[PDB]
Every structure is written in structure tokens, then in C-alpha cells.
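What follows is each chain in one-letter form.
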Amino acid sequence: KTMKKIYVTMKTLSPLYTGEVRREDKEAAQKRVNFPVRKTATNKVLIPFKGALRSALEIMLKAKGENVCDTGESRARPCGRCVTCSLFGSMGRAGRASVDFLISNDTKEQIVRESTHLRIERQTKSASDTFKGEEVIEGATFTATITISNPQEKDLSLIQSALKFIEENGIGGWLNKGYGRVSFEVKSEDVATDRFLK
Amino acid sequence: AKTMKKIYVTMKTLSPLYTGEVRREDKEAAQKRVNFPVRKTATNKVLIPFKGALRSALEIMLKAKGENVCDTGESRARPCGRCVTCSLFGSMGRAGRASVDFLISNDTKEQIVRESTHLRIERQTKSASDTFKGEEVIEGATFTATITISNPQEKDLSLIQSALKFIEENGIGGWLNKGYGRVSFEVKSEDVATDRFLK
Amino acid sequence: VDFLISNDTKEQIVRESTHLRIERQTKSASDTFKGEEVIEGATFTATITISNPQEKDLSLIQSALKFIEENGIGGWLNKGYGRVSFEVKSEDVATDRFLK
Amino acid sequence: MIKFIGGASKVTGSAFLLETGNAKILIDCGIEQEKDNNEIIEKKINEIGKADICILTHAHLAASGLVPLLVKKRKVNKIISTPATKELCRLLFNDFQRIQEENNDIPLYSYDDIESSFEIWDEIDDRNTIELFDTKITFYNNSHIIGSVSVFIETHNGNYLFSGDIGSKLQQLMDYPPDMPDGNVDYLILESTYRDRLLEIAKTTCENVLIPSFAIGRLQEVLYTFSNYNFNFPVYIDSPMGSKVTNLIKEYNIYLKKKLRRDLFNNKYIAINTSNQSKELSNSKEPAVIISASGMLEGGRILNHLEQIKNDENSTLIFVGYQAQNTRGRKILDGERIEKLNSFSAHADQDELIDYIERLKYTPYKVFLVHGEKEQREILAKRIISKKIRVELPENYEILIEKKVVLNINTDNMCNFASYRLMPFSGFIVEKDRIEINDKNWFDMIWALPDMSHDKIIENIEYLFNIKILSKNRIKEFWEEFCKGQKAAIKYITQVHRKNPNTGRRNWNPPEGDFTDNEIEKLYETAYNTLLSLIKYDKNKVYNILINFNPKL
Amino acid sequence: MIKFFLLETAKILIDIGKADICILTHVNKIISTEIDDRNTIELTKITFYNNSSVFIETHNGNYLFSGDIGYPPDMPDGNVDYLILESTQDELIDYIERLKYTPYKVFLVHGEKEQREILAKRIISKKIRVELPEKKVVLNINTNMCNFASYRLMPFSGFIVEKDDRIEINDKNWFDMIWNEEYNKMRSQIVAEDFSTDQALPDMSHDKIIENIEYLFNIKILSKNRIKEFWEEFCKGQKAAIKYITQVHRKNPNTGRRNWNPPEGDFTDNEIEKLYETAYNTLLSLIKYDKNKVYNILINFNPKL
Amino acid sequence: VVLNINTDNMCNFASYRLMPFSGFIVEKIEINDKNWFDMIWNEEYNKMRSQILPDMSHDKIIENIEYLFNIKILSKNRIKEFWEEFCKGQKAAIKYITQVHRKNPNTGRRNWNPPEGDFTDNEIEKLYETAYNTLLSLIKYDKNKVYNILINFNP
RNA sequence: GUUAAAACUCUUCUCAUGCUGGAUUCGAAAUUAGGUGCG
RNA sequence: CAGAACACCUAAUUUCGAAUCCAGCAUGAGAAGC
Ligand SMILES: [Zn+2]
Ligand SMILES: [Zn+2]
Ligand SMILES: [Zn+2]
């Protein structure tokens, strides 16, 4: 029995914003910034990766004409029969592809700055609203080690297609304003799952 | 025997960590604030089940190696009693030599456990379809356990260490597919005498 | 040796719990069962009365209690259940104390 | 049950740990600077151990200087103070950390530590009793600085009043009489002791100054003293953090003296913002009064003007604060014009402390003198003994006060349903200073805010919720500020409703509809008056009103 | 503490059982003026003072019993924690006021209600607390307050529960919880037709039932606990055994599992389902027979039942 | 002695007609149920403080609950939570069912589980209102019948 | 004043063993660092 | 009786915080002294 390791490395090309989810870190940070970025307790930057990969593959395989379920609809039950349920998970079976958070290689003070955004009246051309949000600078490097437990031949190709769709669309939030346009580097290898045995 | 093996296991948490609450009264008291509570002590610490993770890790790797190891994860399956994991963790006939503890944290819930918000983004329309709040354990939190092997063999420390590297590879508990539970382990074992406390 | 009587009753310190059996492949909950268990921080009281006491009885009982601290008391000892901590208050007693 | 962790001179660490069995409540975890000791501070915080809560009296470093260090060794669960103390602690911790990096001393804690102290930083204002680990905690004003409190902790083994620093009569921005518990005080932990001249030498220098103040309390009281007496020349604030503290006391004016709860400093206080305006005002030869906070002339902005002021034979230097040992300010005050004012003192004298003990409801069992200089603590302790009250000094350093609960009703008529000895009773939980349950026969033996009706509040909140001015987020934030207390919610509602004069925007959510400005402003005033009338109501009644519109909180 | 005087720490009596009595004016040992005033005795340092007073310095608390006061009295010059004073008015005042280190709590004793109340109000106006006297510990598990007639009051009606070590005060939520628990225990005690008239079943021979039950006893589908609960559900009637075997054989639509124990062997899925329906049909044919015949069927596999 | 409880749901254990019955023996010698107690308790809870539904047939309810259980609108989790809210009183179950059925004006969602099966949106809204009306009629019955309906679906 | 009276069904032995609250859901959806001033 | 460092103006607000499955088995029921 083999396993598949997909070491992905993100380089940020347009500024990245993933909102902080932790309610304590939010209410501690909502007196300085109106939009905190997702941060570890070890002062690294966290991006969810499984949902964006699953969304990319679901949109593309729905467009191709495959029998894939839409798990984005509210309280949607995954079918357990499609390719995406085999890869990322269903309600009976867990997913083969365990996808990690995108841990940044650098600390918040080296890749995270505090920008101020505006809202301008269309008639007056004056800055009506002002707010501040944390964003990740460009050239910041993130990493993940996508682990597939029971691999088939097509799973790495589907992961690379999903990564190309993330490079097309974006990761994190504020995607329509231009945030999150990133690039991915992939190193794939098949590893025996008995390899730590000595 | 006259010697026992003590493996002091220290966990440092590298990713967010979740292990869901199992006590029905505590979970039902927490569902008015969070949809996914963390398994927590009554002394406000965090405990993680650890024997099942080690047994699952060792059974997957030893089944991959080709050894005659049973699968006690199948529905109401009985251990045969001849596997190495049967000697270590246990069988229906005799108890296991390894006495694995829960992973009690070194810090109280108000210092390592944070309440976070996850969503369900719809594939078209990019909107928040569903939204749920769950509790999690922060990165850098330290957990401690003591694995106590009553009758040590030569391959007890090596298999426990290999299972700990497998748990580092795949995750310890909870939402392992979304990136939760990626941790790291320090191991400090010592073969202690069984008659140590008598003096 | 007396039974270890808890100071609190069942609604304070006994909670029912969900325990699982998960398939090694496919990582899915295969079996589920409910089990009651006693919470952390609960205190229990026992009274060991030694008649004709030798010199080493306190030392052997305290060493046995350290062994129960290291191993555990009750069931599910391999899963981490029952790791406790003992505190001993010994008292030498004349048997005729009730004969007032 | 109380340990005085370095409570003699407050240097190299100071703390009051009231361990009550189920809680390691901690008071006044701060550092005093003298100006290698950091390792002894580190050993003392590791000697403190796990503390369940770090109560904070006031925002000075003496009581609030080691809070992110207790966060650093992760010994504190919750940190509670007043909101004024919380934001002044933000300014204090940022400036102290910048000083640790500038002086190249090894940093005690970190900026991230300061933040993670503010992760767990709860806050309540005065007269807000919280039930934490069977200890009822209440805050009272002690008139020291803004947001300064005395702590009243009722544990089952006694009532402890940690007084903290007590204000004087010369404090102008606060009420003089310090608020006290209205119940029994068993143990009182008291900290011992340690205006026209300023104006008339401002005349004899201006028409013919430089004022070194302290950024918390002292500079704002000098500014308010110059605000009451409008002379002829102008006043300048050449201090960044002093300007921020001045702006926060303008924001936190609801926490101030009652007369000053209605601007406050009635304009005319040109504050220098950047360092170029500071160099301009240093090189400005016009007769003007420059109030600014560096402390004791050692580091800050003052030193931009020092040279200019020093050699000037017409100028003067007005020491309104104490100069500690081995500081430049002390070196210019002793002699190695020079005037020193002693009325500007935040700390109370001995007679005000005698007044503080005498207007307790009951005489305390034991007065624990803690900080202050030795000889003043000695003479103060003798004057406590002359008032027949017990003293424990921290150098020299026991009944048991159990608050028992009595049934006082019949228990013979009892039954069994589920192996429980239950009996239904209707009685009255009378609470003496010995909680008593007593039957109804005993009861027969005994027997600023506007105002709106309950239905008007219901209809106005429903209308403004449909109009989207009032929101679930707004109701949730207002409920959090109201569970903080009434005055914090008053400040929140005033801050939302206040119209910014430069932009003309209020922080209210804009109404959805075809409303014309006048209707929009009338709806905003309706929301203001409705939520102030809601503020006047009781807390459970506010919860039952707000649970209809926002189902959660 | 003092009970109305017995003051344990011992159980020393000042003017009952196991005591060292100290009589006043105006058991194992009687102490009075032998020891005169100004002299101390041990038992807890006891010193007597003249009245015209017992002073016990214990480990925790220094207690002073005054006795009747008539004339300048005599008071200790040390430290007093409790001051037990009779009241039957200004003489008691200065007797209190002229004593250094004024006590924590005074006690009024041996008088009517009006004089004790007047002296008590005079001592609260001197800022010394009073107590006016006339066991499992009690725990408020409650949570709003009032201020009627200068008492902090709460309208509460509830339950008092009495265990061996404590008496707790609970509200209606506890009673609702235990009522729901006992209702669930009461309703789980009966099924509608237990132990009643004998009630649509497949029929099969006795030898085939022997063969099938032996084959599902070798592999672990029909086990000893399965035969035990089958016999216990057969004792409470035919429909109870019908309900039990329908509950055991029920395949959950969400998981696709039944309550049978899985067979020990190398059988594939279809054969395991055939063995499950074989067990269902075999036990359904077993419910047809008489009770003694089924007992003779099942004693050969489960000797207990 | 006069029983103030109707003797329904009355099981048949041999020649002993039976009912598990919890209640109070009031010696006024009346035997009332918990409901009288709550109407008593709130009585003192407003007195001492002073001193200081639609109709559905029982066949229609079990048919509708079976239909909604097959399309997973009425899940086991939902029947259990409705049972705990019904055990706390009629008003608490009314408030819980009103909370579950409530269409949020912002999201447009209800707290019901969505139906399993190909349905049109109008029929989905009809199924949601059917669940609302069926459980709203279940509040009207007494506790012993509302458990005997719900025991078949969530044991 | 009972074919009475006298004598404790006592001692020894832990409900233990086998089973991971797991699986399914991206904090994203709204909003230009705008205005101000002569190389 | 303690921290202290070309110009503005703004740095607000809102919505979600739910849903579902599972809760089963198996083995041991005896010896021995008095
Ligand atoms: Zn699918
Ligand atoms: Zn095996
Ligand atoms: Zn101070």
C-alpha cells in the first residue's frame, strides 16, 4: 500500500486577505483593524485549503458534465459516489486527501501589513467611509503537504487542476477586488506508508 | 517483570487542534454557544484520546509492512491476540502491556482554547450558505502523556516512536482532512524498576 | 480496606460519554457506545484499618498507593482512565477509644 | 489567606495574591522602577504560580506593569479592570516596551505578549458585582486617576477591600470622596502615603514656562487648572502620549467627576502633533506656556525645549510632580527659575486615609499597610493603632470569618421521589452581612437618563430594527457594553450617536427607505433617546427586551 | 465557636459535657479564684480579670467573657477578638470604648428584646458589628436581589435536598431534570404486552433448528448473551420476542448494519447476509414451539438460560 | 380519593391493566400530574413576588411524521430536541418550533433539515409548513401520547 | 420460669478485557487612499 | 512617588452562526479452607 505526498508552495502575487475566525483574536483586534487576517498563536498566517480545493474541483467537474455533488448549497448532503466525495469526503466515508492549512514561512511582522481602504461617493468624489484591514504582502511564501491515503492515478492531476483554478480565481477573501491572486509550485512523490517503521 | 518502560510524550501543537466533546451534559451545555466544543476536563484542561490513535497508526503501518496484524477498527471486530499491537495495546484475552494516558494539556482552557467561525461557501454566488462556530486548541499548546509498558520488549520503544511519527504525519484527532491536528512530539523514555516505590 | 466512597453524588461527578470505534481505512466511525464516567477533580474517601500493626504497613500501603497513582484504579486503564492521586493521613489509634 | 508577593517597596515586582481555595485571585501585579533585577522579577512571577484572575486597580505601572509577563509564563486566566484602565494600560504597555527596546535592556515581555494580554482582558466598571469562583467582586472609585478602583472581594472566609491608591482633595477631574463598600469589610489592604503659585509664576515669566508633568492624571489636571483660569497667554501640549491620554479622558468623561459629565477643556489647548511642530515651538520665542509629559526630564519630548528653556533667564521650570532618585529632573530641582508645587499630588496624605477608614460601615478587623516609604508607614500604623484597629506591616508579618448559610425552616416534612430528600418550600433568601433563608411568616414580621415606557421602548426598537438603524450586531454590542455596566453603555451609545464635525457622519447604521435628512436625524435622535431609556432599565428587563429582536444576546 | 457558654477550643464552659467550667459572679476541672487575677493558666491561655472576665487566648481568636458590670471595671491590655457582653447602658459603652484593639464581633446575651436591640443599634452606630443569639452545611445553588425595608431580599420558592453530608437549595430546573429522568426510567420499565396472552411466522423443523443454531453458535453470530436475551424476551411473551428479533435484525438505512455479532470466518457480504437472515428465520421458527421445548433447545448452548 | 388523570395508553401485562404514572398525592385526597404543579409553582412565583393551537387527527400526525422522516425533514435529532422542549412545557415547545420554522428575512433560510428527494421549491415550502403544523398539533396532545407517537421514530 | 445455656456461614479473589466523537461544510459577501495646495 | 518622542480629515457598518448519522457487541458465573 502506497500514499501520495503533494508538497505545494504558494507565492503570493497580489495581496492576500483571509479573515481571522477566532472570536477572541477578532474582538481583541477589532479596535485596531476592522478586518483582521487569519493568524496563528505562533504568529504565522493561516489559510484554509481543503474548501477552496473542493470548490475548484466541484465547479470544474460540474462544468465538465460529471455526476458530482454540490456541497456548497446550504445543508447539502454529499453523495458518496462522485470523484470529489472520494477525494475530499462524504458523510459515510472520510476523504482520502488530507489537506493541510497553508502555514506561512514567515512571521506576521514580516509578511502582514495594515492597509486602509475607502468608500467614495460617486457624485461628490469624496472619501465617505474609511476602514483598515490586515493583508499579506506579495512574495510571501506559504506551504502545505497534501496527503492522499489510498491513491489512484488521477488524483494528482485533479489536485493540479484545482490548483490551476485557484491561480485563476484566488484564495482567501476579497477575490473580486483583486485579492489572493497567487501561484503554486508542486512537488509530488509516492511514499510507502510503512516508512517510519524501524 | 522486574523492569517497566516509561515513555514521557510531550506534544507541541503546530496546526489548529480539535477533539470534540463526548460528555453529553457538557456538550449540551455548550451547544448554546458553540456548535463544536472541545473535549475538556472538569479542571478546565484539554484531554485527547491517545491509545486509539497509536493503535490505528501501528495497525496501518504494520498491515502495510505485511505483518499478521488484525483490524480492530471494523464493526464489532475481535482482536485475535497474536499481533504485535495485540501484545502492546491489548486483546480480548489479555490486557495490553502499554498503558497509554490521555493527553492532558499543560494549560487551562482560557489560555489555549479559542472559539472560531467556519462557513460553507456556495460554489456559485460565493455566499455564506451555512455558518458554524466551533472550539479549537491553538498552535504552540503543549500536551503531556505517559505511556507505561509493563513488560518491555526490544521493539516497544521503536514501534511507539514510529506510531508517533505517523500521528505527526496524519494528525491526532478531529478534523484531520481540513488541516487540523498536525502536531509534533518529543519522547523521553526511561526503563524504571517495578519495585521502585517500596524502598 | 474500605470502599472508595465519593463525596459527591451522580449528578455532580458522573457524566455519560460517547466512545467510538473507527475503521482504520476510510476513517469513519464504525461503532458507537455510551459509557458513564467520573469527572476529573472528584474526591473519594477510604479508611484502611490495620489491626496488629507492624512497622512496615504504612510504608507498604503508601507504596501500593504510589503504584495505583502510576498505573490507575478501575477499568479502561490502557485508554487513560483512572489516573488518580492519593493523600494519606495516618493516625495511631488505641482500640479502647469507644470504651469511654 | 492572602500573600504579599513583594509588597514592601513595590520595586522588582509586587502583587497581592488572595488564594481562597477555589481561586487564586491576584491584585496589583505591577513593577516600580528605581532608575540585573529582571531575573529576580522573573523568579518572583514564577513564584506566584497559577493565578485564576489578575484584578487591576489603576493604570500606573506600580499596579499594572507585569500583566503581559504573567501572560508570558501563562499564569493568569483573566485580566479585569475598568475600560479607562484597559486603554491606558494599552498606552502604558506600548510605551514601556518601546522604552525597553530603546534603553537596550533585555525586553521583559513582548508586543505580542501585550496583545495576548488583551485577548483575555475582560472589563467592568464600578459597582458591578461579578460572581467568580464563589467570590463576589465589586469595583469602587478611589479617585486616584481615571478608571482607578478599589477592589471588594467577598469570599466565604471574609470580605477583603484592596484599596489601592487613594486620591486627594486636589484632584479636580474626579469626585473627591472615594467610593466604599456598603457592606461589612473584614480586612482592608491600604497603601500608605509616600495651585495659585503655578499661575502667578506663569504671570511673572510670560508677561515678563516649562512644566514637566506625568501623562496619566498630572498633565490633564494641569491642563484643567489652566482651563478654569483663562489668563491671557496660550497653552501648548508638546507630548504625544499625553495628548492621547487627554483625548481618552475626553472620551471617558462619563467615568469622571459628575459636574464634568456633560466639551471639557473648553478649547484653547494647541497640541503639538509631530516633532517638527515641536522643534518650531522649541525655537518659538513667543511668551507661551508649554505643558508636556516626559516625567523627570530624562527622556521624551520635553528635551527639545529643555536647552531653550534652561539658559533663558526669564523662563521658569515648574515641578508639579515628585522627582525620583538619579533623574535629570531631580538634578535640576535640587540645584546640581526653579519652583516645585506640592498640591498636584494624586496620592492622598495620611489624614485622608484616616478618613477612608473612618467612613467604613464597620471598623475593619485588620488594616494591612503595604506600600509607601517606611517611616510614613510607621507613623501611619501608629495612628491606626490610636484608632484601635489592627495593623500588619509587611516587615513584621488570625480568627476565621465564615459566612454560613442557615436554613431556619422546618425540615421534618420531607419525602422521597428519586432517592432524594426533597421538600418544596416558598421562602425568602434574606442576606445579612450569614445568608439566611426565612419563611413568609418572617416576611410578614418585617412587613441623567431620560425615561420612556416599556411599550414605547418596544415599539421604537421594533421600528428602528425594521428601518435597519438598530441591528443584531448593534444590539449585541450594546448588550456587551451594558453587561459591562451602565456607564460603559452610556459611553458606547454617546460615541455612536455623536456627529463628527469634520465629516457630518454618525456611527449609527443608515436607515433604509426614502427618508429625507431631517427624518434621518430625527430617527437618530429617537434611537439615542430610546437606548438611553433602555439603559435606565434593569439588566434582566433589558435582556428580555433585547432577546425579542436579537435572539442571541 | 460559642453555643448559647460552651466554647470549643476541649469544649471549655464559661459559667453540655466534657468541659472545664469557669464560674462567674455579679465537667473535668473547675477553674476560679485556684488562680487569682493577673495570673495566667493553661489548658489556650486563660486569664481572669475582676469585674465590679474570662480571657482565653486560643490558636485562632482571643475570646473575652465579660460578666455583669456594676464603678470602673478591669480590662485586658492585649488583643481581643470576641467580646461576650451581657445586656439588661453607657457603662457598657465605655467598657467597650476604653479597651484597646476593639473587638471584631461582640455578643449580646441575657436580656430582653428591646434592651438588646437598643444596645445593638448603639453599637452599630459605634461601627462595631453585633450578633443577637436566640449540623449539615447548607449550599445555595441559586443565582437578582431586592432592597425592601433595608434587607437584601430575593423572592424564591424551591426545594431543599438532604444528603448525608450537605443540604442543598435547588430551583425548578433540577426538579424538571430529575422528573424527566424518572419518567424515562418509569416508561422504560414496561412494554405493552409483556407476560400476557400468547400471540404470522415461518415454520421449520426441530432438526433444522438444531443444525442452524449450532452453526451460528460455532461462528459468533448466535452467542451466549444473544441466547440469554432471547430467552428473557421469550419469557415475557411471544410479541416481545417478535419485537426483540425485529430490533436485532433491523438494518439501519443510514449505516447498513444490524445488531447481530459479525461471523468469525472468511465469508463474503452476500453469505454474511444469508447467515443473518438464517438466524432471523431460525429464531422466528424457534418462537413457535412451547417454552419447555425451547428451553431444551437452548440449554445445550447456554447452560445458564 | 379522586384521580385527576385520564387513564389512557393503558398497557396489558397479564390480567393486570397497567400504567406507569408519576404525580403528586394531594391531601385536599386528589392525585394530580406535573401540570397542576407548574400552574401551582408560577402561582407562588407571581404571588410572593407581589408581596415584596391547530387541530390534526392522530392518524394524520403519524402519517405526516412518517412522511417527513422518510425525506429526513424530521430527523432523530429533531424529534429528540422537540421531545426535550416538550418536556419543559407547552410554551417552550411552541417557542422552539416557532424558532425552527422561522424564515430569516436576510438569508431566506429555515432551520428545518432540507428534504431528501427531487422537489420543487413550492413543494419544499409546503413540506416545511406541513412539519410546522404537524408538530404544532403535537404540542396540543398530552405527554403520554406524544411519546407513543415519537417512540416509533426515535427509540 | 423453653432436652436449657455457650458459639457472628467466617476467610480467600479489583466487572475486568477489546473499541480514537469520528464523518460532511473556504470568515466571505458590499466599499477606489479619496480630497486639500501652481515648480 | 513615576515612563518618555508641509500639514490635515476620516479608520465605520452589516449578515449568517445551523444541519445529519451512530450509540452496538463478546467472554467468564467458579473453586478452596474453616
Ligand atoms: Zn459527491
Ligand atoms: Zn490480534
Ligand atoms: Zn498610582
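The record names cryo-EM as the way this model was obtained, at a resolution of 3.13 Å.

Under the annotation held in the PDB entry, chain B carries the name Protein structure and is attributed to metagenome.

As annotated in the PDB entry, chain A carries the name Protein structure and is attributed to metagenome.

Caption draft 1: Examining the overall build of chain A more closely. Helix and strand content of chain A: five helices and seven strands. Starting at the N terminus and ending at the C terminus, chain A contains elements arranged as β-α-α-α-β-β-α-β-β-β-α-β. Projected onto its principal axes, the C-alpha positions of chain A cover 65 × 45 × 30 Å. Contacts spanning at least 24 positions in sequence make up 69% of the contacts within chain A whose residues lie at least 6 apart.

Caption draft 2: Here's a closer look at the coordination of the zinc ion (ligand 2). Residues and elements named next belong to chain B. In this structure, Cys70 (SG), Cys83 (SG) and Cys86 (SG) serve as the protein donors to the zinc ion (ligand 2), at separations of 2.3 Å. Each donor residue of the zinc ion (ligand 2) lies on the same chain, and together they follow the pattern C-x12-C-x2-C. Taken together, the positions of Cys70 in the loop between α2 (51-65) and α3 (84-88) and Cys86 in helix α3 put the pair 16 residues apart, joining distant regions of the chain. Overall, the relative accessible area of 2% leaves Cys86 in the buried class.

Caption draft 3: The arrangement of the arrangement of the chains in detail. Among the 13 pairs of chains that make contact, the interface with the largest number of contacts is formed by chains D and E. Left apart from each other, chain A and chain E have a closest C-alpha approach of 8 Å. Separated in space, chain C and chain F share no contact, their closest pair of C-alpha atoms being 15 Å apart.

Caption draft 4: Structural context of the coordination of the zinc ion (ligand 3). Residues and elements named next belong to chain D. Surrounding the zinc ion (ligand 3) are the protein donor atoms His58 (NE2), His60 (ND1), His144 (NE2) and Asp165 (OD), which sit 2.1 to 2.3 Å from the metal. In this structure, the zinc ion (ligand 3) is surrounded by four donor atoms whose angles at the metal cover 77 to 176 degrees, and the resulting shape is irregular. Mapped onto the sequence, the residues coordinating the zinc ion (ligand 3) show the spacing H-x1-H-x83-H-x20-D. Taken together, the residues span a long stretch of sequence, with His58 in the loop between β4 (51-55) and α2 (67-72) and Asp165 in the loop between β10 (158-164) and β11 (187-190) at a distance of 107 residues. We note that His58, like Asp165, is buried.

Caption draft 5: The protein's contact with RNA strand H, seen in detail. Neighbouring RNA strand H are 93 residues, the closest being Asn509 and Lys552 of chain D, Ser223 and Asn261 of chain E together with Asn113 of chain F. For RNA strand H, the backbone makes up 67% of the atoms found within 4 Å of the protein, where backbone means sugar plus phosphate. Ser223 of chain E has a polar side-chain atom sitting 2.3 Å from a phosphate oxygen of RNA strand H. With six residues, the single largest contributor to the surface near RNA strand H is helix α3 (residues 83-102) of chain D. Here the surface near RNA strand H is built from residues that sort into 21 nonpolar, 46 polar and 26 charged.

Caption draft 6: Geometry of the interface of chain D and chain E. The interface is formed by 43 residues belonging to chain D together with 44 residues belonging to chain E. At the level of secondary structure, the elements contributing two or more residues to the side of chain D that touches chain E comprise β21 (421-430) and α13 (440-446) of chain D. The greatest single-element share of the side of chain D that touches chain E, amounting to 10 residues, is contributed by β21 of chain D. Residues that form the side of chain D that touches chain E fall into these classes: 28 nonpolar, six polar and nine charged. Relative to strand β14 (residues 155-162) of chain E, β21 of chain D runs antiparallel, the two being bridged by six bridges. Looking at the pairing, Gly427 of chain D lines up with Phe156 of chain E of β14 of chain E.

Caption draft 7: The pattern of salt bridges, seen in detail. For the coordinates displayed, the defined rule picks out 77 salt bridges over all chains. One salt bridge connects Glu134 of chain A with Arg32 of chain A, and the closest N-O pair in it is separated by 2.7 Å. Of this pair, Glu134 of chain A sits in strand β5 (residues 127-136) while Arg32 of chain A sits in the loop between α1 (23-29) and α2 (50-64), and the two are 102 residues apart along the sequence. For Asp176 of chain E, the salt bridge goes to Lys34 of chain F, with nearest N and O atoms at 2.7 Å. Of this pair, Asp176 of chain E sits in helix α3 (residues 172-187) while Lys34 of chain F sits in helix α1 (residues 34-51), on two different chains. Using a relative accessible area of 12% as the deciding quantity, one classes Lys34 of chain F as buried. One salt-bridge network, held together by shared partners, links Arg23, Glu24 and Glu27 of chain A, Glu115 of chain B together with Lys476 and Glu480 of chain D.

Caption draft 8: Looking closely at the side chain of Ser192 of chain D. If you trace the backbone, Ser192 of chain D turns up in the loop between β11 and α5 (196-206). For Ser192 of chain D, the residues in contact, after removing those within four places along its chain, are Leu353, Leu369, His371, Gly372, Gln376, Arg377 and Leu380 of chain D.

Caption draft 9: Representation of the protein's contact with RNA strand G. In the neighbourhood of RNA strand G, 87 residues make up the surrounding shell, with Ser90 and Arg122 of chain A, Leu119 of chain B together with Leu20 and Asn78 of chain C lying closest. The sugar-phosphate backbone supplies 64% of the atoms of RNA strand G found within 4 Å of the protein. Between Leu118 of chain A and RNA strand G, the recorded distance is 2.7 Å, taken from a backbone N or O atom to a sugar or linking oxygen. Those elements that place two or more of their residues in the surface near RNA strand G are α2, β4 (112-120) and β5 of chain A, α2, β4 (113-121) and β5 (128-137) of chain B together with β2 (14-22) and β3 (29-38) of chain C. Tallied by class, residues from the surface near RNA strand G come to 35 nonpolar, 30 polar and 22 charged.

Caption draft 10: Region of interest: the side chain of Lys39 of chain A. Mapped onto the secondary structure, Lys39 of chain A falls in the loop between α1 and α2. Only 3.1 Å separates the side chain of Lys39 of chain A from the side chain of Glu134 of chain A, close enough to count as a polar contact.

Caption draft 11: Summary view of the sheet that holds strand β5 (residues 76-81) of chain D. Residue and element names in this part refer to chain D. Here six strands make up an open sheet; going across it, the order is β1-β2-β3-β4-β5-β6 and the pairing mixed. Each edge of the open sheet carries a strand with a single partner, namely β1 (2-5) and β6 (121-123). Strand-to-strand, the axes of this sheet are offset by a mean angle of 25 degrees, without reference to chain direction. Strand direction decides the pairing type here: β5 and β6, joined by three bridges, are parallel. Note on β6: the bridge partner recorded for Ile79 is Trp121. Contacting β1, β2 (14-19) and β3 (24-30), helix α1 (residues 38-48) runs over the sheet at an angle of about 170 degrees to β1.

Caption draft 12: The arrangement of the packing of helix α3 (residues 76-87) of chain F against helix α4 (residues 90-101) of chain F in detail. Residue and element names in this part refer to chain F. Interhelical geometry of α3 versus α4 gives an angle of 145 degrees and a closest axis separation of 7 Å. The two elements α3 and α4 cross, and the hand of that crossing is right-handed. Here α3 contributes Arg78, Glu81, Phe82, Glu85 and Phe86 to the contact with α4, which in turn contributes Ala92, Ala93, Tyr96, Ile97 and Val100. For the contact of α3 with α4, the class distribution of residues is seven nonpolar, no polar and three charged.

Caption draft 13: Examining the packing of α3 of chain F against helix α6 (residues 143-150) of chain F more closely. Residues and elements named next belong to chain F. Closest axis-to-axis distance for the α3/α6 pair is 11 Å, and the angle between their directions is 175 degrees. Here α3 lies roughly antiparallel to α6, going by the angle between them. Here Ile79, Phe82, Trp83, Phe86 and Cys87 of α3 come into contact with α6, specifically with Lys143, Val146, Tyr147 and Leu150. A class-by-class count of the residues in the contact of α3 with α6 yields eight nonpolar, no polar and one charged.

Caption draft 14: Quick peek at the nonpolar core. Ranked by internal contacts, the top residues of the largest apolar core, which has 101 residues, are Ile211 and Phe478 of chain D. By residue number, the principal contributor to this core is helix α17 (residues 517-535) of chain D, which donates eight residues. Not counting chain neighbours up to four residues away, the residues in contact with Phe478 of chain D comprise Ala489, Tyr492, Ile493, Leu531, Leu534, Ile535, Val542 and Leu546 of chain D. Core analysis: the second largest hydrophobic core is formed by 50 residues, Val46, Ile60, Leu88 and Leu164 of chain B among them.

Caption draft 15: Geometry of a nonpolar patch on the surface. On the surface, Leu4, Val38, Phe44, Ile73 and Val84 of chain C cluster together into a nonpolar patch covering about 370 Å² of accessible area. Relative to the assigned elements, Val84 of chain C resides in the segment after α2 (57-71).

Cut-off values and rules
- Residues numbered from 1 in each chain as written, not as in the entry; some residues may be left out.
- Chains lettered and ligands numbered in written order.
- Part of a larger assembly, values for the part shown.
- Heavy atoms only, no water.
- Residues with missing side-chain atoms left out of burial classes, pairs and counts.
- Helix = DSSP H or I, 4+ residues; strand = E, 2+ residues; numbered from the N terminus.
- Contact = heavy atoms within 4.5 Å.
- Donors = N, O, S within 2.8 Å, 3.2 Å for Na, K, Ca; no water.
- Buried < 20%, exposed > 50% of the residue type's maximum accessible area, 1.4 Å probe, protein only.
- Tetrahedral: all angles 85-135°; square planar, octahedral: opposite > 155°, others 65-115°.
- Near = heavy atom within 4 Å.
- Polar contact = N/O pair within 3.5 Å; in protein donor to acceptor, adjacent residues only side chain to side chain.
- Nonpolar A, V, L, I, M, F, W, Y, C, P; charged D, E, K, R; others polar.
- Pairing = 2+ DSSP bridges.
- Salt bridge = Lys/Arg side-chain N within 4 Å of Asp/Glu carboxyl O.
- Axes fitted to C-alpha atoms, helices over the stretch in contact; angles between N-to-C directions.
- Left-handed = near helix turned anticlockwise from the far one by under 90°.
- Parallel < 35°, antiparallel > 145°, perpendicular 65-115°, else oblique.
- Core = buried A, V, L, I, M, F, W, Y, C linked by side-chain atoms within 4.5 Å.
- Patch = residues over 30% accessible without salt bridge, like charges linked within 9 Å, V, L, I, M, F, W, Y side chains within 5 Å.
- Areas by Shrake-Rupley, 256 points an atom, 1.4 Å probe, with all protein chains shown as cover.

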